[PDB]
Amino acid sequence: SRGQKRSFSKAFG
Amino acid sequence: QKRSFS
Amino acid sequence: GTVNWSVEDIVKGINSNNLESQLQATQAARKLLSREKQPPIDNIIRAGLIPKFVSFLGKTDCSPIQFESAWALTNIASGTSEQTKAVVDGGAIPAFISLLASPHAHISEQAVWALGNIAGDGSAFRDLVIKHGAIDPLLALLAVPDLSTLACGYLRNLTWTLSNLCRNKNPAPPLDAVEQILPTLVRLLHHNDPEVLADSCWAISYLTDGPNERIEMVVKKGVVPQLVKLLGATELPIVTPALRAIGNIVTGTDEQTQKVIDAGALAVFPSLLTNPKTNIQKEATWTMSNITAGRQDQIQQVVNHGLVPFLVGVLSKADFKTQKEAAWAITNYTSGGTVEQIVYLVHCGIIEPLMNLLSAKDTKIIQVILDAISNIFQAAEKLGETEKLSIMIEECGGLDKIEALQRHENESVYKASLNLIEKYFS
């Protein structure tokens with residue numbers, strides 16, 4: 001298993 | 001962005 | 001002479017069949033449009049003056065009226081989207097591109113300024129400025145052996161306009177336009193002026209805000225070490241976009257993320273994760289969350305740089321937005337980490353601040369924390385140390401918070417909390 005990459009909009013939008 | 005010339 | 005004219009007098013002057021009367025009235029319009037409080041932009045548009053100003057841009061024989069009309073139109077284009085549209089609808093885009101080659105530096109600069117405002121409106125006008133061929137003459141103004149010979153203000157305006165041609169999404173700028181601009185952008189990123197450096201970093205932050213193919217175009221240019229150098233700058237207007245760009249790059253592939261680590265970016269994170277500006281701490285924690293979403297050797301570099309105590313720090317105390325990003329950094333670390341790396345996280349004191357945040361009124365942070373708890377329990381299961389972790393959660397009042405979450409409104413929270421109680425607290 002692994003962590004998920006999140007874009008700027010995914011994190012703060 | 002936009003900027004005016006004052 | 002040309003101070004505080006009425007719109008009616010400006011119209012009378014511009015409608016005269018006398019070039020000098022038109023020049024005086026255009027200067028009067030420029031001064032009206034330049035005033036600090038409520039310039040009458042809509043009144044000037046409604047008087048039908050934009051087509052007159054656009055025709056004055058083409059008067060090669062009268063450079064003062066080209067300058068005055070360019071300045072008046074730049075002031076209008078700097079307004080609302082409707083006001084920028086009025087300038088574009090008046091045919092100003094090709095007229096401004098033709099003025100980029102003017103032998104008068106103050107006229108060429110005004111054309112640069114106007115095109116930056118038009119392109120800055122959004123994706124459609126940006127792409128229309130590119131279709132009218134603005135990139136070649138804009139780049140030609142920067143084709144000098146040393147950027148230091150250009151006037152400071154002139155170079156700042158050129159950098160800002162190029163950053164607007166890199167800006168906005170849905171769609172992102174045309175691939176060939178990005179490829180054409182990138183070598184000049186790389187050169188501006190090595191300039192010594194703080195404003196040029198800030199806007200060059202913003203341009204890079206826009207280009208890296210997208211899929212891995214967009215990030216690759218930038219990373220392939222070898223800019224990552226220069227971005228890491230600027231990440232360490234003392235000027236907040238430089239650190240802000242350098243951090244955004246680095247943060248965007250680590251949303252990419254493991255290999256793109258590795259370039260950021262290789263360039264020494266992690267050495268700046270003790271200061272970024274304790275930065276007095278909340279937005280810096282927040283985006284630095286978001287950047288950390290995407291690095292802990294990487295390979296086990298990348299999680300190990302976070303450990304080696306002594307950044308796990310800094311993550312415990314932001315999880316313990318920070319603005320809520322930063323704490324939410326810290327919760328994501330921990331859940332990503334526990335998802336991809338080895339048992340030894342997860343054991344190290346607990347030894348650094350992650351449990352108590354992770355449990356304290358289960359009191360927050362944000363369902364998303366609760367989901368993320370409960371996932372981290374399950375991942376840590378899975379590591380403890382492999383070592384036969386689930387009881388030591390259960391007592392640790394019990395002692396800091398974590399059990400009381402998980403038990404209360406069994407009656408939560410959200411389905412995923414209800415299920416995950418009931419599961420932890422039944423598996424480890426019964």
Side-chain angles (χ1 to χ4, degrees), chain A residues 6-13, chain B residues 1-3, chain C residues 116 120 152 155-169 172 181 185-186 188-210 214-215 218-219 221 223-252 256-257 259-261 263-291 307 310 313-314 318-326 328-329:
Chain A
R6 297 169 308 126
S7 74
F8 187 84
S9 58
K10 186 72 198 165
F12 308 115
Chain B
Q1 212 65 46
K2 291 176 204 181
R3 303 218 248 119
Chain C
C152 184
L155 180 52
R156 282 169 181 179
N157 273 311
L158 280 156
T159 306
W160 177 77
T161 288
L162 288 179
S163 76
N164 270 353
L165 292 168
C166 294
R167 198 171 175 153
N168 289 304
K169 292 168 79 168
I181 294 164
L185 211 44
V186 180
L188 294 168
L189 207 59
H190 286 260
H191 189 55
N192 70 126
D193 181 70
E195 287 188 33
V196 170
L197 289 172
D199 286 338
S200 295
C201 277
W202 278 117
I204 295 299
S205 86
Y206 307 147
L207 295 178
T208 57
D209 185 12
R214 297 275 174 165
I215 295 164
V218 175
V219 166
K221 295 309 218 169
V223 300
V224 170
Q226 181 64 4
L227 290 171
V228 168
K229 184 181 179 177
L230 299 170
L231 186 64
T234 64
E235 304 93 330
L236 183 64
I238 296 173
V239 180
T240 302
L243 177 58
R244 185 71 60 84
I246 288 296
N248 285 340
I249 293 164
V250 300
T251 72
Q256 287 158 348
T257 300
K259 294 292 184 181
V260 166
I261 297 162
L266 299 175
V268 194
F269 278 77
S271 71
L272 297 169
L273 295 168
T274 55
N275 200 99
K277 281 287 316 305
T278 71
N279 287 354
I280 298 293
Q281 255 183 235
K282 184 193 75 191
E283 291 188 27
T285 307
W286 160 68
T287 300
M288 289 304 302
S289 84
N290 282 320
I291 294 167
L307 297 178
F310 282 92
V314 286
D319 60 277
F320 181 69
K321 289 179 185 285
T322 304
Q323 288 184 303
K324 185 136 88 160
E325 288 304 304
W328 271 109

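Just so it is clear, the values below take in all heavy atoms, side chains as well, and ignore hydrogens, waters and symmetry mates. Letters A, B, ... mirror the listed sequences (proteins, then strands); counts begin at 1.
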Peer 1: Should B:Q1 and C:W202 count as side-chain neighbours, where that means a heavy-atom distance under 4.5 Å?
Peer 2: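 No, too far: nothing below the 4.5 Å cut-off.
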
Peer 1: If you apply the rule side-chain contact (heavy atoms from CB on, under 4.5 Å), what do you find for C:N248 with C:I204, and how did you get there?
Peer 2: CA-CA 10 Å; C:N248 285 340; C:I204 295 299; over 6 Å; no

Peer 1: Determine the minimum heavy-atom distance between C:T285 and C:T322, stating which atoms define it.
Peer 2: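 Here C:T285 and C:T322 meet closest at OG1-CG2, 3.5 Å.
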
Peer 1: Minimum heavy-atom separation for C:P241 to C:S205, with atom names?
Peer 2: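 In terms of heavy atoms, the two residues are closest at O-CB, 3.9 Å.
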
Peer 1: C:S200 and C:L188: which non-hydrogen atoms are nearest, and at how many Å?
Peer 2: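 Heavy-atom minimum between the residues: OG-CB, 3.2 Å.
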
Peer 1: Let me confirm one number: the CG-NZ distance from C:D319 to C:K277, rounded to the nearest 0.5 Å.
Peer 2: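 Here the interatomic distance stands at 11.0 Å.
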
Peer 1: So which atom in C:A263 and which in C:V228 form the shortest heavy-atom distance, rounded to 0.1 Å?
Peer 2: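 Taking C:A263 first and C:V228 second, the nearest heavy atoms are O-CG1, 3.4 Å.
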
Peer 1: Is any side-chain heavy atom of C:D199 closer than 4.5 Å to one of C:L162?
Peer 2: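 With C-beta onward as the side chain, the pair stays apart.
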
Peer 1: Distance from C:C166 atom SG to C:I181 atom CD1, nearest 0.5 Å?
Peer 2: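 One gets 4.5 Å once the value is rounded to the nearest 0.5 Å.
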
Peer 1: Going from OG1 on C:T278 to CZ on C:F320, what distance comes out if it is rounded to the nearest 0.5 angstrom?
Peer 2: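 Those atoms lie 14.0 Å apart.
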
Peer 1: Do you know which two heavy atoms are closest between C:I215 and C:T208, and how far apart they sit?
Peer 2: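 Heavy atoms of C:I215 and C:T208 come nearest at CG1-O, 3.3 Å.
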
Peer 1: Any side-chain heavy atom of C:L272 within less than 4.5 Å of one from C:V239?
Peer 2: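 Yes - at least one pair of side-chain heavy atoms lies under 4.5 Å apart.
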
Peer 1: Do C:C201 and C:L227 have side chains that get closer than 4.5 Å, going by heavy atoms?
Peer 2: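 Yes, side chains in contact.
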
Peer 1: Does the C:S289 side chain pair with the main chain of C:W286, one donor and one acceptor, at a distance under 3.5 Å?
Peer 2: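 It does hold such a pair.
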
Peer 1: Heavy atoms, side chains only, cut-off 4.5 Å: are C:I291 and C:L266 in contact?
Peer 2: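 A side-chain contact exists here, since the closest heavy-atom pair is under 4.5 Å.
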
Peer 1: Within this structure, what is the NZ-CG distance for the pair C:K221 and C:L189, rounded to the nearest 0.5 Å?
Peer 2: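 Going from NZ on C:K221 over to CG on C:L189, the span is 13.0 Å.
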
Peer 1: Quick one: does any side-chain atom of C:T161 pair with a main-chain N or O of C:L158 as donor and acceptor, under 3.5 Å?
Peer 2: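 No; judged by distance alone, with no hydrogens or angles, the pair does not exist.
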
Peer 1: Would you say that C:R214 contacts C:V218 through its side chain, given a criterion of any heavy-atom pair below 4.5 Å between the two side chains?
Peer 2: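 SC-SC contact between C:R214 and C:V218 ruled out.
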
Peer 1: Is the shortest side-chain heavy-atom distance between C:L155 and C:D193 below 4.5 Å?
Peer 2: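 Side-chain contact under 4.5 Å: no.
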
Peer 1: Can you tell me how far the CD1 atom of C:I280 sits from the CG atom of C:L273, to the nearest 0.5 Å?
Peer 2: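 One finds 11.0 Å between CD1 of C:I280 and CG of C:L273.
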
Peer 1: Tell me whether C:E325 is salt-bridged to A:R6, with the criterion being a basic N under 4.0 Å from an acidic carboxylate O.
Peer 2: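 Here C:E325 pairs with A:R6 in a salt bridge, since their nearest N and O are under 4.0 Å apart.
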
Peer 1: Assess whether side-chain contact (heavy atoms from CB on, under 4.5 Å) is satisfied between C:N164 and C:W160, documenting all intermediate values.
Peer 2: CA-CA 6 Å; C:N164 270 353; C:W160 177 77; 3.4 Å; yes

Peer 1: Determine the minimum heavy-atom distance between C:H190 and C:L197, stating which atoms define it.
Peer 2: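 Looks like N-CD2, 4.5 Å.
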
Peer 1: Quick one: does any side-chain atom of C:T240 pair with a main-chain N or O of C:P237 as donor and acceptor, under 3.5 Å?
Peer 2: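 Pair absent, no side-chain N/O of C:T240 close to backbone of C:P237.
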
Peer 1: Checking C:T287 against C:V260 for the side-chain contact (heavy atoms from CB on, under 4.5 Å) test, could you report, in this order, the C-alpha distance in whole Å, the side-chain angles of both residues, the deciding distance, and whether it holds?
Peer 2: CA-CA 11 Å; C:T287 300; C:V260 166; 5.9 Å; no

Peer 1: Report yes if some heavy atom in the side chain of A:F8 is under 4.5 Å from a heavy atom in the side chain of C:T251; otherwise report no.
Peer 2: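 Side-chain contact under 4.5 Å: no.
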
Peer 1: To the nearest 0.5 angstrom, please state how far the CD atom of C:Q281 sits from the CE atom of C:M288.
Peer 2: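 It comes to 13.0 Å.
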
Peer 1: Between C:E235 (side chain only) and C:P194 (backbone N and O only), is there a donor and an acceptor less than 3.5 Å apart?
Peer 2: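 Answer holds: no.
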
Peer 1: How about NZ on C:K321, more than 12 heavy atoms from neighbouring residues, nucleotides or ligands closer than 6.0 Å, or not?
Peer 2: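 Counting neighbours around NZ of C:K321, 12 or fewer heavy atoms of other residues, nucleotides or ligands fall under 6.0 Å, so no.
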
Peer 1: My understanding is that only one of C:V223, C:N290, C:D209, C:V224 makes a side-chain contact (heavy atoms from CB on, under 4.5 Å) with C:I249; could you say which?
Peer 2: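 Per the side-chain contact (heavy atoms from CB on, under 4.5 Å) rule, the option paired with C:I249 is C:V224, out of C:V223, C:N290, C:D209, C:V224.
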
